[PDB]
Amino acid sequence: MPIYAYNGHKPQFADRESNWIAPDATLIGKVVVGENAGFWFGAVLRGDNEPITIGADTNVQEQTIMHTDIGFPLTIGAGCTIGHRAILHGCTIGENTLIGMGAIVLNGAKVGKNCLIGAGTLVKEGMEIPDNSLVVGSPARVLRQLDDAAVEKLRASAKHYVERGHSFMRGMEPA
């Protein structure tokens, strides 16, 4: 497994035996990993400037890129869903938020909790997004606030993905 140390710092796991990590996944340097977090195929977390902090119950899907610039730590609240091929750079993400596949969130951006950032959306540098927002577009705009039911599908997402992580540790075999 490509878990790498850089400049003396290595990924620290709150509970490593609970983390799903695909063979393709790469965690490097200052990465802080919560409980039940899963990192799927081709993901890259380069914790070489500011540290990258992954909350618990958080899924990081295929080929997500996370990185930082000095002055911009990257923090993800708990039970978040990071869609296939998202890019997160030097931003902070509230708990129970979904980042749609292929979406890009840039330095200094602040996404609230219980948010849905739609697929392909670009959240520009320093953009701030209120809790419970549904965000789509390029440029990104707040469409409306999410109902309490939508906010539940977010928690549901995090839970299914934790379980799915577990099942891959147990039930994925070469063929």
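Start at 1 and count along the sequence shown; that's the residue number.
- Mean CA B-factor, 68 to 76 versus 81 to 89: the higher value falls on 68 to 76.
- When the mean C-alpha temperature factors of 33 to 41 and 145 to 153 are read from the deposited coordinates, 145 to 153 comes out higher.
- Residue 114: CA B factor lies in the middle third for its chain, per the PDB record.
- Ranked by C-alpha B-factor against the other modelled residues of its chain, residue 60 falls in the lowest third.
- Among the modelled residues of its chain, residue 52 has a C-alpha B-factor that falls in the lowest third according to the deposited record.
- Looking at the C-alpha B-factors along this chain, the one for residue 135 belongs to the middle third.
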